[PDB]
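The data block below is my_file_24.tsv; it holds TSV, C-alpha atoms and all ligand atoms.
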chain	number	residue	atom	x	y	z
A	3	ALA	CA	43.04	-19.49	14.72
A	4	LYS	CA	45.51	-18.18	17.34
A	5	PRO	CA	45.85	-14.38	17.52
A	6	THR	CA	49.31	-13.79	16.02
A	7	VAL	CA	51.11	-10.48	15.90
A	8	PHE	CA	53.55	-10.31	13.01
A	9	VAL	CA	56.38	-7.85	13.70
A	10	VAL	CA	58.33	-6.62	10.73
A	11	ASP	CA	61.34	-4.42	11.56
A	12	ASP	CA	65.07	-4.77	10.75
A	13	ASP	CA	66.18	-3.65	14.25
A	14	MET	CA	66.86	-6.38	16.80
A	15	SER	CA	65.76	-4.33	19.85
A	16	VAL	CA	62.42	-3.68	18.24
A	17	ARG	CA	61.90	-7.37	17.31
A	18	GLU	CA	62.97	-8.66	20.74
A	19	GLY	CA	61.26	-5.84	22.69
A	20	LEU	CA	57.97	-6.49	20.89
A	21	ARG	CA	58.25	-10.29	21.13
A	22	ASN	CA	58.57	-9.87	24.92
A	23	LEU	CA	55.83	-7.21	25.21
A	24	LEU	CA	53.41	-9.20	23.07
A	25	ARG	CA	54.01	-12.58	24.78
A	26	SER	CA	53.50	-10.85	28.14
A	27	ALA	CA	50.02	-10.08	26.79
A	28	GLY	CA	48.85	-13.48	25.47
A	29	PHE	CA	49.72	-13.05	21.80
A	30	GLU	CA	51.67	-15.44	19.64
A	31	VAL	CA	54.42	-13.48	17.90
A	32	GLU	CA	56.27	-13.94	14.65
A	33	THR	CA	59.08	-11.57	13.67
A	34	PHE	CA	60.84	-10.86	10.37
A	35	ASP	CA	63.77	-8.50	9.81
A	36	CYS	CA	62.71	-8.07	6.18
A	37	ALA	CA	59.42	-7.50	4.31
A	38	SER	CA	60.01	-10.31	1.79
A	39	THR	CA	60.60	-13.01	4.47
A	40	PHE	CA	57.22	-11.95	5.88
A	41	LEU	CA	55.52	-12.11	2.45
A	42	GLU	CA	57.08	-15.48	1.75
A	43	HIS	CA	55.72	-16.89	5.00
A	44	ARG	CA	52.40	-15.03	4.86
A	45	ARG	CA	49.26	-17.17	4.78
A	46	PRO	CA	46.15	-15.00	4.37
A	47	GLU	CA	44.14	-17.45	6.56
A	48	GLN	CA	46.27	-16.73	9.62
A	49	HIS	CA	44.40	-14.52	12.04
A	50	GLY	CA	46.62	-11.63	13.14
A	51	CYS	CA	47.82	-8.02	13.08
A	52	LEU	CA	50.96	-6.66	11.39
A	53	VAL	CA	53.24	-4.24	13.24
A	54	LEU	CA	55.33	-2.66	10.51
A	55	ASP	CA	58.49	-0.56	10.29
A	56	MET	CA	58.61	2.18	7.59
A	57	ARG	CA	62.28	1.75	6.67
A	58	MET	CA	64.01	-1.61	6.27
A	59	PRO	CA	66.50	-3.24	3.87
A	60	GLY	CA	64.77	-3.97	0.55
A	61	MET	CA	61.05	-3.15	0.50
A	62	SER	CA	59.95	-0.34	2.78
A	63	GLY	CA	56.83	-0.68	4.95
A	64	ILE	CA	54.66	1.16	2.41
A	65	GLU	CA	56.05	-1.02	-0.40
A	66	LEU	CA	55.14	-4.20	1.54
A	67	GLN	CA	51.66	-2.78	2.17
A	68	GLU	CA	51.26	-2.24	-1.61
A	69	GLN	CA	51.99	-5.95	-2.12
A	70	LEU	CA	49.40	-6.90	0.50
A	71	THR	CA	46.88	-4.54	-1.14
A	72	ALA	CA	47.69	-6.06	-4.58
A	73	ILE	CA	46.90	-9.61	-3.43
A	74	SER	CA	43.86	-8.61	-1.33
A	75	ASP	CA	45.45	-9.64	1.98
A	76	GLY	CA	43.42	-7.41	4.28
A	77	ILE	CA	45.59	-7.87	7.41
A	78	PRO	CA	45.45	-4.72	9.61
A	79	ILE	CA	48.65	-2.72	9.99
A	80	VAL	CA	50.07	-0.66	12.80
A	81	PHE	CA	52.84	1.38	11.24
A	82	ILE	CA	55.82	2.33	13.40
A	83	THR	CA	58.61	4.74	12.53
A	84	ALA	CA	61.66	6.50	13.91
A	85	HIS	CA	60.90	9.48	11.57
A	86	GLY	CA	57.59	10.92	12.76
A	87	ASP	CA	58.28	14.07	10.73
A	88	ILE	CA	57.54	12.04	7.56
A	89	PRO	CA	53.75	11.63	7.42
A	90	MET	CA	51.88	8.62	6.15
A	91	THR	CA	50.38	9.00	2.69
A	92	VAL	CA	46.60	9.07	2.23
A	93	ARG	CA	46.91	5.79	0.25
A	94	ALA	CA	48.93	4.08	3.02
A	95	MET	CA	46.19	5.08	5.51
A	96	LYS	CA	43.30	3.79	3.39
A	97	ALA	CA	44.98	0.40	2.84
A	98	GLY	CA	44.21	-0.95	6.31
A	99	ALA	CA	46.26	1.25	8.67
A	100	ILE	CA	45.09	0.97	12.27
A	101	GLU	CA	47.48	3.59	13.57
A	102	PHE	CA	50.82	5.32	12.94
A	103	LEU	CA	53.13	5.25	15.97
A	104	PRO	CA	56.59	6.59	16.80
A	105	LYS	CA	59.62	4.61	17.86
A	106	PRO	CA	60.15	4.62	20.78
A	107	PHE	CA	56.49	3.92	21.49
A	108	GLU	CA	54.20	4.05	24.45
A	109	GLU	CA	53.67	0.35	25.28
A	110	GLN	CA	49.95	0.87	25.96
A	111	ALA	CA	49.29	2.88	22.78
A	112	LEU	CA	50.91	0.01	20.84
A	113	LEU	CA	48.87	-2.67	22.74
A	114	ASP	CA	45.60	-0.73	22.22
A	115	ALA	CA	46.31	-0.55	18.46
A	116	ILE	CA	47.02	-4.27	18.23
A	117	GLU	CA	43.82	-5.10	20.18
A	118	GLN	CA	41.95	-2.87	17.76
A	119	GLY	CA	43.67	-4.66	14.86
A	120	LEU	CA	42.90	-8.17	16.09
A	121	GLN	CA	39.18	-7.32	16.42
A	122	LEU	CA	39.13	-5.85	12.90
A	123	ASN	CA	40.90	-8.96	11.65
A	124	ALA	CA	38.46	-11.32	13.42
A	125	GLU	CA	35.53	-9.41	11.90
A	126	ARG	CA	37.03	-9.28	8.38
A	127	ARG	CA	37.85	-12.99	8.46
A	128	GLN	CA	34.31	-13.87	9.61
A	129	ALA	CA	32.84	-11.93	6.66
A	130	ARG	CA	35.30	-13.87	4.40
A	131	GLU	CA	34.41	-17.29	5.77
A	132	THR	CA	30.68	-16.48	5.49
A	133	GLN	CA	30.86	-15.35	1.80
A	134	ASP	CA	33.02	-18.40	1.11
A	135	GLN	CA	30.53	-20.74	2.79
A	136	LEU	CA	27.58	-19.15	0.92
A	137	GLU	CA	29.16	-19.31	-2.54
A	138	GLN	CA	29.75	-23.09	-2.04
A	139	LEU	CA	26.12	-23.64	-0.86
A	140	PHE	CA	24.65	-21.60	-3.70
A	141	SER	CA	27.00	-23.02	-6.37
A	142	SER	CA	25.80	-26.51	-5.41
A	143	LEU	CA	22.33	-25.78	-6.87
A	144	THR	CA	21.36	-26.85	-10.39
A	145	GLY	CA	19.91	-24.44	-12.97
A	146	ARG	CA	16.48	-26.01	-12.35
A	147	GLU	CA	16.76	-25.49	-8.60
A	148	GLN	CA	17.96	-21.91	-9.29
A	149	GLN	CA	14.76	-21.23	-11.27
A	150	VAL	CA	12.60	-22.57	-8.42
A	151	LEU	CA	14.54	-20.56	-5.78
A	152	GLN	CA	14.06	-17.31	-7.74
A	153	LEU	CA	10.28	-17.73	-7.87
A	154	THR	CA	10.03	-18.99	-4.27
A	155	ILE	CA	11.65	-15.85	-2.88
A	156	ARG	CA	8.95	-13.92	-4.88
A	157	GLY	CA	6.28	-15.44	-2.60
A	158	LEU	CA	4.79	-17.76	-5.26
A	159	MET	CA	2.88	-20.90	-4.18
A	160	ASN	CA	4.05	-24.30	-5.53
A	161	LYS	CA	1.06	-24.42	-7.89
A	162	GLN	CA	2.04	-21.03	-9.35
A	163	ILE	CA	5.74	-21.90	-9.62
A	164	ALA	CA	4.83	-25.12	-11.48
A	165	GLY	CA	2.69	-23.22	-14.01
A	166	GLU	CA	5.32	-20.49	-14.51
A	167	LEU	CA	8.12	-22.97	-15.26
A	168	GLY	CA	5.96	-25.58	-17.06
A	169	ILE	CA	6.75	-28.40	-14.57
A	170	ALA	CA	4.56	-30.58	-12.34
A	171	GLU	CA	3.74	-29.39	-8.82
A	172	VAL	CA	5.46	-32.46	-7.34
A	173	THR	CA	8.58	-31.50	-9.32
A	174	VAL	CA	8.47	-28.06	-7.62
A	175	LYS	CA	7.94	-29.68	-4.22
A	176	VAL	CA	10.95	-31.91	-4.70
A	177	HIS	CA	13.14	-29.04	-5.98
A	178	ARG	CA	12.05	-27.03	-2.92
A	179	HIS	CA	12.98	-29.91	-0.58
A	180	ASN	CA	16.40	-30.26	-2.24
A	181	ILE	CA	17.06	-26.49	-2.06
A	182	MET	CA	16.32	-26.43	1.69
A	183	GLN	CA	18.67	-29.39	2.30
A	184	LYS	CA	21.49	-28.07	0.08
A	185	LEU	CA	21.33	-24.57	1.62
A	186	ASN	CA	20.80	-25.99	5.11
A	187	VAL	CA	17.67	-23.91	5.96
A	188	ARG	CA	14.42	-25.12	7.56
A	189	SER	CA	12.06	-22.21	6.78
A	190	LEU	CA	11.14	-19.88	3.97
A	191	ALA	CA	12.15	-16.98	6.25
A	192	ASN	CA	15.70	-18.28	6.60
A	193	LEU	CA	15.86	-19.17	2.87
A	194	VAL	CA	15.03	-15.53	2.02
A	195	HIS	CA	17.54	-14.19	4.59
A	196	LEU	CA	20.29	-16.36	3.08
A	197	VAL	CA	19.62	-15.30	-0.52
A	198	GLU	CA	19.64	-11.66	0.59
A	199	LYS	CA	22.76	-12.26	2.75
A	200	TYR	CA	24.60	-13.64	-0.30
A	301	HG	HG	65.30	-10.76	5.68
A	302	HG	HG	61.54	-19.04	5.71
A	303	HG	HG	46.60	-8.82	16.18
A	304	MG	MG	64.05	0.13	10.22
What does the file become when written as structure tokens?
Ligand SMILES: [Hg+2]
Ligand SMILES: [Hg+2]
Ligand SMILES: [Hg+2]
Ligand SMILES: [Mg+2]
Amino acid sequence: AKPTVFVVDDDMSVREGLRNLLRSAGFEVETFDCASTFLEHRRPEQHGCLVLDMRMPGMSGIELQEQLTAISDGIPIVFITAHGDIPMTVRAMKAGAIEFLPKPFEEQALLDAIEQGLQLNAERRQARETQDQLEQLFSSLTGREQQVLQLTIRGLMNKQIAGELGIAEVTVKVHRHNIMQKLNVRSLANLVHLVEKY
């Protein structure tokens, strides 16, 4: 999807200033003056980075982050604050913080953090799509096929698999053919990689 920077900050100058900065850099931008309007619109499939104010009406920045943690939305966060004297908590850092930046911010520092965040989002999403794709491929196998797969990745020959399970060799052959097609692999090497991957 399009790289989108979500900007959450109650202050108009921040929202407009960042919209302009981020557009002038090739990012789509979405802004919210509240945490809950963000959460209401948030789709965890949207590729992006969150730039987040500490203090806003309603939920604070940390409180929004707690919601995102709770629902396993792993979007990366660049925290911004006008009160640099108040440190981030250890928990706020661990829950996906890219960086903690002051307002007013160095434009380039902010841009570098967002670039860092987009790459971490791209990576995270790829590892999500892969796991998702592999659960659907593996879930599409029958119990019988599962039994054959388990022995196959143990290096057994069809003859030995047949004897172990009490089925005909042709039955094993056919199960093996169907496993390859279901899991979309053309070699025993790639079959074993896939099972280990998942
Ligand atoms: Hg709002
Ligand atoms: Hg809305
Ligand atoms: Hg981003
Ligand atoms: Mg604020």
For residue 82 of chain A: contacts at 7 Å, all atoms listed in the file, fewer than 6 positions along chain excluded, given as a PyMOL selection string: chain A and resi 54-56+102-105
Minimum-distance residue to residue 153 of chain A, chosen among A:88, A:194, A:176, A:97 (using all atoms listed in the file): A:194
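Around ligand HG 303 (chain A), using only C-alpha atoms and all ligand atoms and a cut-off of 7 Å, the residues in contact are residues 5, 6, 7, 50, 51, 52, 116, 117, 119 and 120 of chain A.
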Surrounding residues as a ChimeraX atom specification, ligand HG 301 (chain A), max 8 Å, all atoms listed in the file: /A:12,34-39,59
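Every residue having at least one atom no farther than 9 Å from ligand HG 302 (chain A) is included below, with all atoms listed in the file taken into account: residues 39, 40, 42 and 43 of chain A.
Across the model, the gap from atom CA of residue 187 of chain A to atom CA of residue 199 of chain A is 13.1 Å.
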d(atom CA of residue 175 of chain A, atom CA of residue 135 of chain A) in Å: 25.3 Å
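The space between atom CA of residue 67 of chain A and atom CA of residue 44 of chain A spans 12.6 Å.
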Which neighbours of residue 53 of chain A fall inside 7 Å, counting only C-alpha atoms, when residues of the same chain fewer than 3 positions from it are skipped, and could you give them as a PDB file with C-alpha atoms, keeping the file's coordinate frame?
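Dumped to around_6.pdb:
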ATOM      1  CA  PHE A   8      53.550 -10.310  13.010  1.00  0.00           C
ATOM      2  CA  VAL A   9      56.380  -7.850  13.700  1.00  0.00           C
ATOM      3  CA  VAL A  10      58.330  -6.620  10.730  1.00  0.00           C
ATOM      4  CA  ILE A  79      48.650  -2.720   9.990  1.00  0.00           C
ATOM      5  CA  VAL A  80      50.070  -0.660  12.800  1.00  0.00           C
ATOM      6  CA  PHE A  81      52.840   1.380  11.240  1.00  0.00           C
TER       7      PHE A  81
END
Residue contacts of residue 28 of chain A (10 Å, only C-alpha atoms) excluding same-chain residues fewer than 2 positions away, as a ChimeraX atom specification: /A:4-6,23-26,30-31
Box dimensions and centre (Å, one decimal) enclosing segment 132-145 of chain A, axis-aligned, 3 Å extra per side, as AutoDock Vina command-line options:
--center_x 26.5 --center_y -21.1 --center_z -3.7 --size_x 19.1 --size_y 17.5 --size_z 24.5
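Comparing A:17, A:77, A:148, A:61 by their smallest distance to residue 125 of chain A, the closest is A:77 (using all atoms listed in the file).
Around segment 163-173 of chain A, within 9 Å and counting only C-alpha atoms, the residues found are residues 149, 150, 153, 154, 158, 159, 160, 161, 175, 176, 177 and 178 of chain A, once anything fewer than 2 positions away on its own chain is removed.
For the residues A:84, A:190, A:113, A:90, ranking by smallest atom-to-atom distance to ligand MG 304 (chain A) using all atoms listed in the file places A:84 first.
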Residue list as a VMD selection string for point (15.8, -19.0, -2.0), cut-off 7 Å, all atoms listed in the file: chain A and resid 151 to 152 154 to 155 193 to 194 197
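Distance annotation: of A:106, A:147, A:200, A:83, the residue with the minimal separation from residue 134 of chain A is A:200; atom set is all atoms listed in the file.
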Residue neighbourhood segment 131-133 of chain A, 12 Å, only C-alpha atoms, exclusion window fewer than 3 positions, as JSON, numbers by chain: {"A": [47, 124, 125, 126, 127, 128, 136, 137, 138, 139, 140, 141, 196, 197, 198, 199, 200]}
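If only C-alpha atoms and all ligand atoms are the atoms counted, then among A:45, A:18, A:62, A:29 the closest residue to ligand MG 304 (chain A) is A:62.
Considering the residues A:73, A:63, A:22, A:100 and counting all atoms listed in the file, ligand MG 304 (chain A) has its shortest atom-to-atom contact with A:63.
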Please, could N, CA and C atoms be added to segment 175-186 of chain A and the result written as a PDB file, keeping the file's coordinate frame?
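The resulting file, selection-v3.pdb, is reproduced below:
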ATOM      1  N   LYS A 175       7.851 -29.244  -5.621  1.00  0.00           N
ATOM      2  CA  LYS A 175       7.940 -29.680  -4.220  1.00  0.00           C
ATOM      3  C   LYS A 175       9.298 -30.291  -3.928  1.00  0.00           C
ATOM      4  N   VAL A 176       9.704 -31.190  -4.816  1.00  0.00           N
ATOM      5  CA  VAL A 176      10.950 -31.910  -4.700  1.00  0.00           C
ATOM      6  C   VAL A 176      12.123 -30.934  -4.845  1.00  0.00           C
ATOM      7  N   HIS A 177      12.109 -30.079  -5.868  1.00  0.00           N
ATOM      8  CA  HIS A 177      13.140 -29.040  -5.980  1.00  0.00           C
ATOM      9  C   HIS A 177      13.246 -28.220  -4.686  1.00  0.00           C
ATOM     10  N   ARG A 178      12.096 -27.816  -4.149  1.00  0.00           N
ATOM     11  CA  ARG A 178      12.050 -27.030  -2.920  1.00  0.00           C
ATOM     12  C   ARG A 178      12.687 -27.777  -1.757  1.00  0.00           C
ATOM     13  N   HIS A 179      12.336 -29.053  -1.594  1.00  0.00           N
ATOM     14  CA  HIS A 179      12.980 -29.910  -0.580  1.00  0.00           C
ATOM     15  C   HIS A 179      14.493 -29.968  -0.738  1.00  0.00           C
ATOM     16  N   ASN A 180      14.966 -30.163  -1.967  1.00  0.00           N
ATOM     17  CA  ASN A 180      16.400 -30.260  -2.240  1.00  0.00           C
ATOM     18  C   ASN A 180      17.147 -28.943  -2.012  1.00  0.00           C
ATOM     19  N   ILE A 181      16.481 -27.823  -2.298  1.00  0.00           N
ATOM     20  CA  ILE A 181      17.060 -26.490  -2.060  1.00  0.00           C
ATOM     21  C   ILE A 181      17.283 -26.269  -0.552  1.00  0.00           C
ATOM     22  N   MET A 182      16.251 -26.543   0.241  1.00  0.00           N
ATOM     23  CA  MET A 182      16.320 -26.430   1.690  1.00  0.00           C
ATOM     24  C   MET A 182      17.481 -27.250   2.257  1.00  0.00           C
ATOM     25  N   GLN A 183      17.594 -28.509   1.832  1.00  0.00           N
ATOM     26  CA  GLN A 183      18.670 -29.390   2.300  1.00  0.00           C
ATOM     27  C   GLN A 183      20.063 -28.932   1.861  1.00  0.00           C
ATOM     28  N   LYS A 184      20.208 -28.556   0.594  1.00  0.00           N
ATOM     29  CA  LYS A 184      21.490 -28.070   0.080  1.00  0.00           C
ATOM     30  C   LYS A 184      21.943 -26.805   0.820  1.00  0.00           C
ATOM     31  N   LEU A 185      21.011 -25.871   1.025  1.00  0.00           N
ATOM     32  CA  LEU A 185      21.330 -24.570   1.620  1.00  0.00           C
ATOM     33  C   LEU A 185      21.259 -24.602   3.130  1.00  0.00           C
ATOM     34  N   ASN A 186      20.963 -25.783   3.672  1.00  0.00           N
ATOM     35  CA  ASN A 186      20.800 -25.990   5.110  1.00  0.00           C
ATOM     36  C   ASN A 186      19.911 -24.951   5.816  1.00  0.00           C
TER      37      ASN A 186
END
